[PDB]
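Included below are structure tokens for two forms of one protein chain, each presented in isolation as structure 1 and structure 2.
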Structure 1
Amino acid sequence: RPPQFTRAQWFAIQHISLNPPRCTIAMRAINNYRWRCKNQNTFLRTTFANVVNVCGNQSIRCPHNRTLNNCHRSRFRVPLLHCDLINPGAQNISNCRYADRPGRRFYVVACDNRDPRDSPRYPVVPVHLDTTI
């Protein structure tokens, strides 16, 4: 992750966007901070506060990280836009082209205590998007 962002800040940039433009455009807000294009990314059309509150849901096993049990599943399905890189051989980020796949699914996030640089408003924050169901 870019070092200037805490895990929660980077989670928000990658995964929270209420009205993202088409993927090829939306993904630039993420890839501009990287050396290479992301092969896949899901934007949950929600708010940071909302995800923080899902962190309050019962602790369950992370579907994509089965030795971890600090995951939390949303109670409701939420609108989202998934973006899949169409040209994975791209060497620069200005060439990244993405396919759009809108959907409405439950999401599962891993949450942990906040980084010292994070706001004190949220002592517990989402640190990675595990999967969507």
Structure 2
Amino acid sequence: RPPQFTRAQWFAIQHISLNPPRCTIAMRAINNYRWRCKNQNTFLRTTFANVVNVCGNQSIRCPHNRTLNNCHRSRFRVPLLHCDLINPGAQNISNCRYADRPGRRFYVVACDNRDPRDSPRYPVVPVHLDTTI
């Protein structure tokens, strides 16, 4: 995560987008902060409050990061846009390109207490998109 963002904020930048552009454009936002392009990324087309609601669901083992057990599965599917890197052999981050896979799935988030700089409206916040179902 870039220091310019709290974990919650970085979560929102990577994973919350009511109406993202196509993956090749959407992913620049993320990849500008990275050494190499991200292999895959899902943008949930929902609101941060809806994801916070998932944080109060039953705590589960994180499916993709199994050392953690602060994950939570959504009770409802959300529309989303899944992005897949299709040119991992490529010069600049500026040249990374992605295939677009719009969909609708349940999602699983890891949640933690907020950063002091985060809005007091959400003392518990999503900090990682663990997977989608």
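Residue indices: 1-based, along structure 1. Basically, rigid core = biggest C-alpha set you can superpose within 1.5 Å across the two forms.
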| Picking from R97, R45, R101, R36, which residue has its CA shift by 2 Å or more between structures 1 and 2, once the rigid core of the two forms is superposed? | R36
| field | Once the two forms are fitted on their core, CA shift of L18 between structures 1 and 2 in Å | value | 0.9
| request: After aligning on the rigid core, report the distance the C-alpha of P88 travels between structures 1 and 2, in angstrom. | output: 1.2
| said: Core-aligned, what does the C-alpha of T67 shift between structures 1 and 2, expressed in angstrom? | reply: 2.6
